[PDB]
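> Below is the file target-v7.txt, with compact mmCIF, N, CA and C atoms.
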```
# COMPACT_ATOMS: atom_id res chain seq x y z
N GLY S 1 0.81 -1.21 0.00
CA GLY S 1 0.00 0.00 0.00
C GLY S 1 0.84 1.26 0.00
N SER S 2 0.59 2.14 -0.97
CA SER S 2 1.34 3.38 -1.08
C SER S 2 0.77 4.44 -0.14
N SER S 3 1.62 4.95 0.75
CA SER S 3 1.20 5.97 1.71
C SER S 3 1.89 7.30 1.42
N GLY S 4 1.18 8.20 0.75
CA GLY S 4 1.74 9.49 0.42
C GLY S 4 1.02 10.63 1.13
N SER S 5 1.60 11.82 1.06
CA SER S 5 1.01 12.99 1.71
C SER S 5 -0.44 13.19 1.26
N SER S 6 -1.29 13.59 2.19
CA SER S 6 -2.70 13.81 1.90
C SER S 6 -3.08 15.28 2.12
N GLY S 7 -4.36 15.58 1.97
CA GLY S 7 -4.83 16.94 2.16
C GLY S 7 -5.42 17.53 0.90
N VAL S 8 -5.13 18.81 0.66
CA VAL S 8 -5.64 19.50 -0.52
C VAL S 8 -4.75 20.68 -0.89
N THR S 9 -4.51 20.85 -2.19
CA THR S 9 -3.67 21.94 -2.68
C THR S 9 -4.32 22.63 -3.87
N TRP S 10 -4.35 23.96 -3.83
CA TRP S 10 -4.93 24.74 -4.92
C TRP S 10 -3.86 25.54 -5.66
N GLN S 11 -3.84 25.40 -6.98
CA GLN S 11 -2.87 26.11 -7.80
C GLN S 11 -3.48 26.52 -9.13
N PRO S 12 -2.86 27.52 -9.78
CA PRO S 12 -3.33 28.04 -11.07
C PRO S 12 -3.12 27.04 -12.21
N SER S 13 -4.06 27.00 -13.14
CA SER S 13 -3.98 26.09 -14.27
C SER S 13 -2.95 26.57 -15.29
N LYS S 14 -2.70 25.76 -16.31
CA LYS S 14 -1.73 26.10 -17.35
C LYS S 14 -1.88 27.56 -17.76
N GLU S 15 -3.13 27.99 -17.96
CA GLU S 15 -3.40 29.37 -18.36
C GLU S 15 -3.27 30.32 -17.17
N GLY S 16 -3.65 29.84 -15.99
CA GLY S 16 -3.56 30.66 -14.79
C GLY S 16 -4.89 31.29 -14.42
N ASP S 17 -5.89 31.10 -15.28
CA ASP S 17 -7.22 31.66 -15.03
C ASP S 17 -8.04 30.73 -14.15
N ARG S 18 -7.70 29.44 -14.17
CA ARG S 18 -8.41 28.45 -13.37
C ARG S 18 -7.57 28.01 -12.18
N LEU S 19 -8.16 27.19 -11.32
CA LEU S 19 -7.46 26.69 -10.14
C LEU S 19 -7.59 25.18 -10.02
N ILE S 20 -6.51 24.47 -10.34
CA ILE S 20 -6.50 23.01 -10.27
C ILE S 20 -6.36 22.53 -8.83
N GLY S 21 -7.43 21.94 -8.30
CA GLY S 21 -7.40 21.45 -6.94
C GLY S 21 -6.96 20.00 -6.86
N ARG S 22 -5.85 19.75 -6.16
CA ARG S 22 -5.33 18.40 -6.01
C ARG S 22 -5.64 17.85 -4.63
N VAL S 23 -6.50 16.84 -4.58
CA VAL S 23 -6.88 16.21 -3.32
C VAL S 23 -6.58 14.72 -3.33
N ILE S 24 -6.21 14.19 -2.17
CA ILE S 24 -5.89 12.77 -2.04
C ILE S 24 -6.38 12.21 -0.71
N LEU S 25 -7.03 11.05 -0.76
CA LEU S 25 -7.55 10.41 0.44
C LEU S 25 -7.02 8.99 0.57
N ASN S 26 -6.94 8.50 1.80
CA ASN S 26 -6.45 7.15 2.06
C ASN S 26 -7.43 6.38 2.94
N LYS S 27 -8.29 5.59 2.30
CA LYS S 27 -9.28 4.80 3.02
C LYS S 27 -9.03 3.31 2.82
N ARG S 28 -9.37 2.51 3.83
CA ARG S 28 -9.18 1.07 3.76
C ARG S 28 -10.50 0.34 3.97
N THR S 29 -11.58 0.91 3.45
CA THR S 29 -12.90 0.32 3.57
C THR S 29 -13.90 1.00 2.65
N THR S 30 -14.84 0.22 2.12
CA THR S 30 -15.86 0.75 1.22
C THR S 30 -16.99 1.42 2.00
N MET S 31 -17.31 2.65 1.62
CA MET S 31 -18.37 3.40 2.28
C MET S 31 -19.50 2.47 2.71
N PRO S 32 -20.08 2.75 3.89
CA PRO S 32 -21.17 1.95 4.45
C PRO S 32 -22.47 2.13 3.67
N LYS S 33 -22.81 3.38 3.37
CA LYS S 33 -24.02 3.68 2.62
C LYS S 33 -23.89 3.26 1.16
N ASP S 34 -24.98 3.40 0.41
CA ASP S 34 -24.98 3.03 -1.00
C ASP S 34 -24.30 4.11 -1.85
N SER S 35 -23.05 4.42 -1.50
CA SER S 35 -22.30 5.44 -2.22
C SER S 35 -21.70 4.86 -3.51
N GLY S 36 -20.77 3.92 -3.35
CA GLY S 36 -20.14 3.31 -4.51
C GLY S 36 -18.72 3.79 -4.71
N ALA S 37 -17.90 3.68 -3.67
CA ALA S 37 -16.51 4.11 -3.74
C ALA S 37 -16.40 5.63 -3.75
N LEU S 38 -17.36 6.29 -3.11
CA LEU S 38 -17.37 7.74 -3.04
C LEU S 38 -16.84 8.23 -1.70
N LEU S 39 -15.68 8.88 -1.73
CA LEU S 39 -15.06 9.40 -0.51
C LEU S 39 -16.08 10.15 0.34
N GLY S 40 -17.15 10.61 -0.29
CA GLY S 40 -18.19 11.33 0.42
C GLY S 40 -18.83 12.42 -0.42
N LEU S 41 -19.26 12.05 -1.62
CA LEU S 41 -19.90 13.00 -2.53
C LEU S 41 -20.41 12.30 -3.78
N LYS S 42 -21.48 12.83 -4.36
CA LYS S 42 -22.07 12.25 -5.56
C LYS S 42 -21.48 12.90 -6.81
N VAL S 43 -20.87 12.07 -7.66
CA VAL S 43 -20.27 12.56 -8.90
C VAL S 43 -21.08 12.13 -10.11
N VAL S 44 -21.34 13.08 -11.01
CA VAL S 44 -22.10 12.79 -12.22
C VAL S 44 -21.23 12.93 -13.47
N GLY S 45 -20.97 11.80 -14.12
CA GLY S 45 -20.15 11.81 -15.32
C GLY S 45 -20.98 11.89 -16.58
N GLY S 46 -20.36 11.56 -17.71
CA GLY S 46 -21.06 11.60 -18.98
C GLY S 46 -21.80 12.91 -19.19
N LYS S 47 -21.43 13.92 -18.42
CA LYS S 47 -22.07 15.23 -18.53
C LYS S 47 -21.40 16.08 -19.60
N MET S 48 -22.06 17.16 -19.99
CA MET S 48 -21.53 18.06 -21.01
C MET S 48 -20.74 19.20 -20.37
N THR S 49 -19.75 19.70 -21.09
CA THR S 49 -18.92 20.80 -20.59
C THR S 49 -18.97 21.99 -21.54
N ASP S 50 -18.65 23.17 -21.01
CA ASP S 50 -18.66 24.39 -21.80
C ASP S 50 -17.64 24.31 -22.93
N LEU S 51 -16.72 23.36 -22.83
CA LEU S 51 -15.69 23.17 -23.85
C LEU S 51 -16.23 22.36 -25.02
N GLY S 52 -17.26 21.56 -24.76
CA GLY S 52 -17.85 20.75 -25.81
C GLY S 52 -17.64 19.26 -25.57
N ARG S 53 -16.74 18.93 -24.65
CA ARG S 53 -16.44 17.54 -24.33
C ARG S 53 -17.22 17.09 -23.10
N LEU S 54 -16.98 15.85 -22.67
CA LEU S 54 -17.65 15.30 -21.50
C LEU S 54 -16.83 15.52 -20.24
N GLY S 55 -17.49 15.48 -19.09
CA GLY S 55 -16.80 15.68 -17.83
C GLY S 55 -17.68 15.37 -16.63
N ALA S 56 -17.06 15.09 -15.50
CA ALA S 56 -17.79 14.78 -14.28
C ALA S 56 -17.80 15.96 -13.32
N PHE S 57 -18.87 16.08 -12.54
CA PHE S 57 -19.01 17.17 -11.59
C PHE S 57 -19.65 16.69 -10.29
N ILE S 58 -19.35 17.37 -9.20
CA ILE S 58 -19.90 17.01 -7.90
C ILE S 58 -21.25 17.69 -7.67
N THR S 59 -22.24 16.90 -7.27
CA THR S 59 -23.58 17.41 -7.01
C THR S 59 -23.82 17.59 -5.52
N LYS S 60 -23.18 16.74 -4.72
CA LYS S 60 -23.33 16.80 -3.27
C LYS S 60 -22.07 16.29 -2.57
N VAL S 61 -21.81 16.81 -1.37
CA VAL S 61 -20.64 16.40 -0.60
C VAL S 61 -20.99 16.22 0.87
N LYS S 62 -20.84 14.99 1.36
CA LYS S 62 -21.14 14.68 2.76
C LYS S 62 -20.36 15.60 3.69
N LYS S 63 -20.96 15.92 4.83
CA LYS S 63 -20.33 16.79 5.82
C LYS S 63 -19.47 15.98 6.78
N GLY S 64 -18.17 16.28 6.82
CA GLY S 64 -17.27 15.57 7.70
C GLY S 64 -16.54 14.44 7.00
N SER S 65 -16.79 14.29 5.70
CA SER S 65 -16.16 13.24 4.92
C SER S 65 -14.74 13.63 4.51
N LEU S 66 -13.97 12.66 4.04
CA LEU S 66 -12.60 12.90 3.61
C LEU S 66 -12.55 13.97 2.53
N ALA S 67 -13.51 13.92 1.61
CA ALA S 67 -13.57 14.89 0.52
C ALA S 67 -14.21 16.20 0.99
N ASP S 68 -14.42 16.32 2.29
CA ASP S 68 -15.03 17.51 2.86
C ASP S 68 -14.12 18.13 3.92
N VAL S 69 -13.30 17.30 4.55
CA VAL S 69 -12.38 17.76 5.59
C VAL S 69 -10.95 17.80 5.07
N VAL S 70 -10.59 16.80 4.26
CA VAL S 70 -9.24 16.72 3.70
C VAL S 70 -9.19 17.36 2.31
N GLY S 71 -10.28 17.22 1.57
CA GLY S 71 -10.34 17.79 0.23
C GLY S 71 -10.99 19.16 0.21
N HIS S 72 -11.93 19.38 1.12
CA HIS S 72 -12.63 20.66 1.20
C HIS S 72 -13.27 21.02 -0.14
N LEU S 73 -13.82 20.01 -0.82
CA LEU S 73 -14.46 20.22 -2.11
C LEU S 73 -15.89 20.72 -1.93
N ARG S 74 -16.51 21.11 -3.04
CA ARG S 74 -17.88 21.60 -3.01
C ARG S 74 -18.69 21.06 -4.18
N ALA S 75 -19.99 21.31 -4.18
CA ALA S 75 -20.87 20.85 -5.24
C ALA S 75 -20.76 21.74 -6.47
N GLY S 76 -20.33 21.15 -7.59
CA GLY S 76 -20.19 21.91 -8.81
C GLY S 76 -18.81 21.78 -9.42
N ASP S 77 -17.81 21.51 -8.58
CA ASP S 77 -16.44 21.36 -9.05
C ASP S 77 -16.35 20.28 -10.13
N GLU S 78 -15.66 20.61 -11.22
CA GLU S 78 -15.49 19.67 -12.32
C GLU S 78 -14.34 18.71 -12.06
N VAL S 79 -14.67 17.46 -11.75
CA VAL S 79 -13.67 16.45 -11.47
C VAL S 79 -12.88 16.10 -12.73
N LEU S 80 -11.68 16.66 -12.84
CA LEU S 80 -10.82 16.41 -13.99
C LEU S 80 -10.34 14.96 -14.02
N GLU S 81 -9.57 14.58 -13.00
CA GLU S 81 -9.05 13.22 -12.90
C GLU S 81 -9.48 12.57 -11.59
N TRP S 82 -9.77 11.28 -11.64
CA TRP S 82 -10.20 10.54 -10.46
C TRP S 82 -9.34 9.29 -10.26
N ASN S 83 -8.31 9.41 -9.43
CA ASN S 83 -7.42 8.29 -9.15
C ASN S 83 -6.47 8.06 -10.32
N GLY S 84 -6.16 9.13 -11.05
CA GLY S 84 -5.26 9.01 -12.19
C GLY S 84 -5.98 8.58 -13.45
N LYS S 85 -7.26 8.92 -13.55
CA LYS S 85 -8.06 8.56 -14.71
C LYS S 85 -8.82 9.77 -15.25
N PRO S 86 -8.73 9.99 -16.57
CA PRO S 86 -9.40 11.11 -17.23
C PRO S 86 -10.92 10.95 -17.26
N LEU S 87 -11.60 11.62 -16.33
CA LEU S 87 -13.05 11.55 -16.25
C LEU S 87 -13.70 12.12 -17.51
N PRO S 88 -13.18 13.27 -17.97
CA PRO S 88 -13.69 13.94 -19.17
C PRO S 88 -13.37 13.17 -20.44
N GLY S 89 -14.37 13.03 -21.31
CA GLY S 89 -14.18 12.31 -22.56
C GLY S 89 -14.88 10.97 -22.57
N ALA S 90 -15.51 10.62 -21.45
CA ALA S 90 -16.22 9.36 -21.34
C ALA S 90 -17.67 9.58 -20.91
N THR S 91 -18.46 8.51 -20.95
CA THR S 91 -19.86 8.59 -20.56
C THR S 91 -20.04 8.33 -19.07
N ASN S 92 -21.25 8.58 -18.57
CA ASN S 92 -21.54 8.37 -17.16
C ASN S 92 -21.34 6.91 -16.77
N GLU S 93 -21.47 6.02 -17.74
CA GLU S 93 -21.30 4.59 -17.50
C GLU S 93 -19.82 4.24 -17.35
N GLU S 94 -18.96 5.01 -18.01
CA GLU S 94 -17.52 4.78 -17.95
C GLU S 94 -16.91 5.50 -16.75
N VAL S 95 -17.46 6.66 -16.42
CA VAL S 95 -16.96 7.45 -15.29
C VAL S 95 -17.27 6.77 -13.96
N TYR S 96 -18.44 6.14 -13.89
CA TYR S 96 -18.86 5.45 -12.67
C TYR S 96 -17.93 4.27 -12.37
N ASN S 97 -17.62 3.50 -13.40
CA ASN S 97 -16.74 2.34 -13.25
C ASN S 97 -15.37 2.76 -12.75
N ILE S 98 -14.87 3.88 -13.27
CA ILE S 98 -13.56 4.40 -12.87
C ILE S 98 -13.54 4.75 -11.39
N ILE S 99 -14.60 5.40 -10.92
CA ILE S 99 -14.70 5.80 -9.53
C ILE S 99 -14.98 4.60 -8.63
N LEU S 100 -15.80 3.68 -9.13
CA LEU S 100 -16.15 2.48 -8.37
C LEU S 100 -14.94 1.55 -8.24
N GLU S 101 -14.13 1.49 -9.29
CA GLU S 101 -12.94 0.64 -9.29
C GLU S 101 -12.00 1.02 -8.15
N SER S 102 -12.08 2.28 -7.72
CA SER S 102 -11.24 2.77 -6.64
C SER S 102 -11.75 2.28 -5.29
N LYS S 103 -12.92 1.65 -5.30
CA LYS S 103 -13.51 1.13 -4.07
C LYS S 103 -12.58 0.14 -3.38
N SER S 104 -11.63 -0.39 -4.14
CA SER S 104 -10.67 -1.35 -3.61
C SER S 104 -9.27 -0.74 -3.54
N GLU S 105 -9.20 0.58 -3.70
CA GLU S 105 -7.92 1.28 -3.66
C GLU S 105 -7.71 1.94 -2.30
N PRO S 106 -6.56 1.65 -1.67
CA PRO S 106 -6.21 2.20 -0.36
C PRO S 106 -5.90 3.69 -0.43
N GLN S 107 -5.86 4.23 -1.64
CA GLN S 107 -5.57 5.65 -1.84
C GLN S 107 -6.22 6.16 -3.12
N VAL S 108 -6.74 7.38 -3.07
CA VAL S 108 -7.39 7.98 -4.23
C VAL S 108 -6.98 9.44 -4.39
N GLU S 109 -6.75 9.85 -5.63
CA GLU S 109 -6.35 11.22 -5.92
C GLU S 109 -7.40 11.93 -6.77
N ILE S 110 -8.11 12.88 -6.15
CA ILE S 110 -9.14 13.63 -6.84
C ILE S 110 -8.62 14.98 -7.31
N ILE S 111 -8.71 15.23 -8.61
CA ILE S 111 -8.25 16.49 -9.18
C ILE S 111 -9.38 17.22 -9.88
N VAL S 112 -9.82 18.33 -9.29
CA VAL S 112 -10.90 19.13 -9.86
C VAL S 112 -10.39 20.50 -10.30
N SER S 113 -11.23 21.21 -11.06
CA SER S 113 -10.87 22.54 -11.55
C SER S 113 -11.88 23.58 -11.09
N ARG S 114 -11.39 24.59 -10.38
CA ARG S 114 -12.25 25.66 -9.88
C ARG S 114 -11.90 26.99 -10.53
N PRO S 115 -12.92 27.85 -10.70
CA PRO S 115 -12.74 29.17 -11.31
C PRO S 115 -11.95 30.12 -10.42
N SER S 116 -10.65 30.23 -10.68
CA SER S 116 -9.79 31.10 -9.90
C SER S 116 -10.52 32.38 -9.51
N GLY S 117 -10.74 32.56 -8.21
CA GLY S 117 -11.42 33.75 -7.72
C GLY S 117 -12.67 33.41 -6.92
N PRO S 118 -12.47 33.01 -5.66
CA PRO S 118 -13.57 32.65 -4.76
C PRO S 118 -14.41 33.86 -4.36
N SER S 119 -15.67 33.62 -4.03
CA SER S 119 -16.58 34.69 -3.63
C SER S 119 -16.37 35.06 -2.16
N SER S 120 -16.12 36.34 -1.91
CA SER S 120 -15.89 36.82 -0.55
C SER S 120 -17.09 37.63 -0.06
N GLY S 121 -17.58 38.53 -0.91
CA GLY S 121 -18.72 39.35 -0.54
C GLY S 121 -18.50 40.81 -0.89
```
How would this structure read if it were set down as structure tokens?

Amino acid sequence: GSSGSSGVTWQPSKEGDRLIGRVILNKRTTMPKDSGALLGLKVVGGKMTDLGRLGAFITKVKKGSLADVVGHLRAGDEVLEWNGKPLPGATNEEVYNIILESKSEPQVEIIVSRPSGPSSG
């Protein structure tokens, strides 16, 4: 089992206009509820993107979950890569399998893209 640094890191994208969020979790058990290898959030793949291609996005995030305390993610973030797999470019049927396959992985790396510039007020 590979044990690497965990948490969450936010950095500017290739262009610098976006913010690539790098999150990683280390679990040794499949969620109790009917999640399906979900660190603690519902992901919808096979979705459409403003770019014209497919991509996955978070619709909900459990409170107190790894993807909520260690990842600090939110609903709407476009999941770029899930455990080293390109979510975008595939259907919801292919994206689900990729995320579910991690159900047996002692470590998962979630990489989402956020619009550089959080709302303050």
> To test your reading of the structure, identify every residue in segment 1-117 of chain S that backbone DSSP assigns to alpha helix (DSSP H), and report it as a PyMOL selection string.
chain S and resi 66-69+92-101
> Work out how far apart atom CA of residue 11 of chain S and atom CA of residue 78 of chain S are and give it in Å to one decimal.
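Computing the Euclidean distance for atom CA of residue 11 of chain S and atom CA of residue 78 of chain S yields 14.9 Å.
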> Near residue 77 of chain S, counting all atoms listed in the file, which residues have an atom at most 8 Å away, once you skip same-chain residues fewer than 5 positions from it, shown as a JSON list (two decimals) with N, CA and C atoms, keeping the file's coordinate frame?

```
[["chain", "number", "residue", "atom", "x", "y", "z"],
["S", 56, "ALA", "N", -17.06, 15.09, -15.50],
["S", 56, "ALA", "CA", -17.79, 14.78, -14.28],
["S", 56, "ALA", "C", -17.80, 15.96, -13.32],
["S", 57, "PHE", "N", -18.87, 16.08, -12.54],
["S", 57, "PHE", "CA", -19.01, 17.17, -11.59],
["S", 57, "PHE", "C", -19.65, 16.69, -10.29],
["S", 58, "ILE", "N", -19.35, 17.37, -9.20],
["S", 58, "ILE", "CA", -19.90, 17.01, -7.90],
["S", 58, "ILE", "C", -21.25, 17.69, -7.67],
["S", 59, "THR", "N", -22.24, 16.90, -7.27],
["S", 59, "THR", "CA", -23.58, 17.41, -7.01],
["S", 59, "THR", "C", -23.82, 17.59, -5.52],
["S", 111, "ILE", "N", -8.71, 15.23, -8.61],
["S", 111, "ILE", "CA", -8.25, 16.49, -9.18],
["S", 111, "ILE", "C", -9.38, 17.22, -9.88],
["S", 112, "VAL", "N", -9.82, 18.33, -9.29],
["S", 112, "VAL", "CA", -10.90, 19.13, -9.86],
["S", 112, "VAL", "C", -10.39, 20.50, -10.30],
["S", 113, "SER", "N", -11.23, 21.21, -11.06],
["S", 113, "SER", "CA", -10.87, 22.54, -11.55],
["S", 113, "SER", "C", -11.88, 23.58, -11.09],
["S", 114, "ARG", "N", -11.39, 24.59, -10.38],
["S", 114, "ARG", "CA", -12.25, 25.66, -9.88],
["S", 114, "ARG", "C", -11.90, 26.99, -10.53],
["S", 115, "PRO", "N", -12.92, 27.85, -10.70],
["S", 115, "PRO", "CA", -12.74, 29.17, -11.31],
["S", 115, "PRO", "C", -11.95, 30.12, -10.42]]
```
> Which residues are near segment 30-46 of chain S? Cut-off 8 Å, all atoms listed in the file, ignore same chain within fewer than 6 positions. Put them as a PyMOL selection string.
chain S and resi 53-68+79+87-96+99-104
> Take the residues from that selection and put them in a file with N, CA and C atoms, as an mmCIF file, in the coordinates of the input.

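Written output follows (part00.cif):
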```cif
data_model
loop_
_atom_site.group_PDB
_atom_site.id
_atom_site.type_symbol
_atom_site.label_atom_id
_atom_site.label_comp_id
_atom_site.auth_asym_id
_atom_site.auth_seq_id
_atom_site.Cartn_x
_atom_site.Cartn_y
_atom_site.Cartn_z
ATOM 1 N N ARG S 53 -16.740 18.930 -24.650
ATOM 2 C CA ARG S 53 -16.440 17.540 -24.330
ATOM 3 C C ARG S 53 -17.220 17.090 -23.100
ATOM 4 N N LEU S 54 -16.980 15.850 -22.670
ATOM 5 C CA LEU S 54 -17.650 15.300 -21.500
ATOM 6 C C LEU S 54 -16.830 15.520 -20.240
ATOM 7 N N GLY S 55 -17.490 15.480 -19.090
ATOM 8 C CA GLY S 55 -16.800 15.680 -17.830
ATOM 9 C C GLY S 55 -17.680 15.370 -16.630
ATOM 10 N N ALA S 56 -17.060 15.090 -15.500
ATOM 11 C CA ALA S 56 -17.790 14.780 -14.280
ATOM 12 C C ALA S 56 -17.800 15.960 -13.320
ATOM 13 N N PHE S 57 -18.870 16.080 -12.540
ATOM 14 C CA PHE S 57 -19.010 17.170 -11.590
ATOM 15 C C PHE S 57 -19.650 16.690 -10.290
ATOM 16 N N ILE S 58 -19.350 17.370 -9.200
ATOM 17 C CA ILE S 58 -19.900 17.010 -7.900
ATOM 18 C C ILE S 58 -21.250 17.690 -7.670
ATOM 19 N N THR S 59 -22.240 16.900 -7.270
ATOM 20 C CA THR S 59 -23.580 17.410 -7.010
ATOM 21 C C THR S 59 -23.820 17.590 -5.520
ATOM 22 N N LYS S 60 -23.180 16.740 -4.720
ATOM 23 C CA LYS S 60 -23.330 16.800 -3.270
ATOM 24 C C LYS S 60 -22.070 16.290 -2.570
ATOM 25 N N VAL S 61 -21.810 16.810 -1.370
ATOM 26 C CA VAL S 61 -20.640 16.400 -0.600
ATOM 27 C C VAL S 61 -20.990 16.220 0.870
ATOM 28 N N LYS S 62 -20.840 14.990 1.360
ATOM 29 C CA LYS S 62 -21.140 14.680 2.760
ATOM 30 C C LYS S 62 -20.360 15.600 3.690
ATOM 31 N N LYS S 63 -20.960 15.920 4.830
ATOM 32 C CA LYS S 63 -20.330 16.790 5.820
ATOM 33 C C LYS S 63 -19.470 15.980 6.780
ATOM 34 N N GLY S 64 -18.170 16.280 6.820
ATOM 35 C CA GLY S 64 -17.270 15.570 7.700
ATOM 36 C C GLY S 64 -16.540 14.440 7.000
ATOM 37 N N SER S 65 -16.790 14.290 5.700
ATOM 38 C CA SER S 65 -16.160 13.240 4.920
ATOM 39 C C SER S 65 -14.740 13.630 4.510
ATOM 40 N N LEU S 66 -13.970 12.660 4.040
ATOM 41 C CA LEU S 66 -12.600 12.900 3.610
ATOM 42 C C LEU S 66 -12.550 13.970 2.530
ATOM 43 N N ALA S 67 -13.510 13.920 1.610
ATOM 44 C CA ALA S 67 -13.570 14.890 0.520
ATOM 45 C C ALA S 67 -14.210 16.200 0.990
ATOM 46 N N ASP S 68 -14.420 16.320 2.290
ATOM 47 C CA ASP S 68 -15.030 17.510 2.860
ATOM 48 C C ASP S 68 -14.120 18.130 3.920
ATOM 49 N N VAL S 79 -14.670 17.460 -11.750
ATOM 50 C CA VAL S 79 -13.670 16.450 -11.470
ATOM 51 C C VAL S 79 -12.880 16.100 -12.730
ATOM 52 N N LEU S 87 -11.600 11.620 -16.330
ATOM 53 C CA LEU S 87 -13.050 11.550 -16.250
ATOM 54 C C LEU S 87 -13.700 12.120 -17.510
ATOM 55 N N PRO S 88 -13.180 13.270 -17.970
ATOM 56 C CA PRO S 88 -13.690 13.940 -19.170
ATOM 57 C C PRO S 88 -13.370 13.170 -20.440
ATOM 58 N N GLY S 89 -14.370 13.030 -21.310
ATOM 59 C CA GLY S 89 -14.180 12.310 -22.560
ATOM 60 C C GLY S 89 -14.880 10.970 -22.570
ATOM 61 N N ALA S 90 -15.510 10.620 -21.450
ATOM 62 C CA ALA S 90 -16.220 9.360 -21.340
ATOM 63 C C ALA S 90 -17.670 9.580 -20.910
ATOM 64 N N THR S 91 -18.460 8.510 -20.950
ATOM 65 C CA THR S 91 -19.860 8.590 -20.560
ATOM 66 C C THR S 91 -20.040 8.330 -19.070
ATOM 67 N N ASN S 92 -21.250 8.580 -18.570
ATOM 68 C CA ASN S 92 -21.540 8.370 -17.160
ATOM 69 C C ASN S 92 -21.340 6.910 -16.770
ATOM 70 N N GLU S 93 -21.470 6.020 -17.740
ATOM 71 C CA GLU S 93 -21.300 4.590 -17.500
ATOM 72 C C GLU S 93 -19.820 4.240 -17.350
ATOM 73 N N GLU S 94 -18.960 5.010 -18.010
ATOM 74 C CA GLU S 94 -17.520 4.780 -17.950
ATOM 75 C C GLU S 94 -16.910 5.500 -16.750
ATOM 76 N N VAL S 95 -17.460 6.660 -16.420
ATOM 77 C CA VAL S 95 -16.960 7.450 -15.290
ATOM 78 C C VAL S 95 -17.270 6.770 -13.960
ATOM 79 N N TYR S 96 -18.440 6.140 -13.890
ATOM 80 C CA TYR S 96 -18.860 5.450 -12.670
ATOM 81 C C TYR S 96 -17.930 4.270 -12.370
ATOM 82 N N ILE S 99 -14.600 5.400 -10.920
ATOM 83 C CA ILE S 99 -14.700 5.800 -9.530
ATOM 84 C C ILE S 99 -14.980 4.600 -8.630
ATOM 85 N N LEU S 100 -15.800 3.680 -9.130
ATOM 86 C CA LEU S 100 -16.150 2.480 -8.370
ATOM 87 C C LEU S 100 -14.940 1.550 -8.240
ATOM 88 N N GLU S 101 -14.130 1.490 -9.290
ATOM 89 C CA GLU S 101 -12.940 0.640 -9.290
ATOM 90 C C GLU S 101 -12.000 1.020 -8.150
ATOM 91 N N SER S 102 -12.080 2.280 -7.720
ATOM 92 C CA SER S 102 -11.240 2.770 -6.640
ATOM 93 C C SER S 102 -11.750 2.280 -5.290
ATOM 94 N N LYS S 103 -12.920 1.650 -5.300
ATOM 95 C CA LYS S 103 -13.510 1.130 -4.070
ATOM 96 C C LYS S 103 -12.580 0.140 -3.380
ATOM 97 N N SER S 104 -11.630 -0.390 -4.140
ATOM 98 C CA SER S 104 -10.670 -1.350 -3.610
ATOM 99 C C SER S 104 -9.270 -0.740 -3.540
#
```
> Which of these, S:48, S:80, S:69, S:25, has the shortest distance to residue 105 of chain S once you count all atoms listed in the file?
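With all atoms listed in the file as the atom set, the closest residue is S:25.
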> In Å, rounded to a single decimal, give me how far atom C of residue 13 of chain S is from atom N of residue 98 of chain S.
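Between these atoms lies a distance of 25.7 Å.
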> What is the atom C of residue 17 of chain S to atom CA of residue 108 of chain S distance in Å?
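Spanning atom C of residue 17 of chain S to atom CA of residue 108 of chain S is a straight-line distance of 24.8 Å.
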> So, with all atoms listed in the file as the atoms that count, which of S:19, S:24, S:110, S:8 lies closest to residue 83 of chain S?
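Residue with the minimum atom-to-atom distance to residue 83 of chain S: S:110.
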> Residues of chain S in strand (DSSP E or B) according to DSSP, as an MDAnalysis selection string?
chainID S and resid 7:12 19:25 41:48 54:61 78:82 86 108:114
> Pick the closest to residue 26 of chain S from S:12, S:118, S:76, S:7: which is it, counting all atoms listed in the file?
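Looking at the shortest contact to residue 26 of chain S, the residue is S:7.
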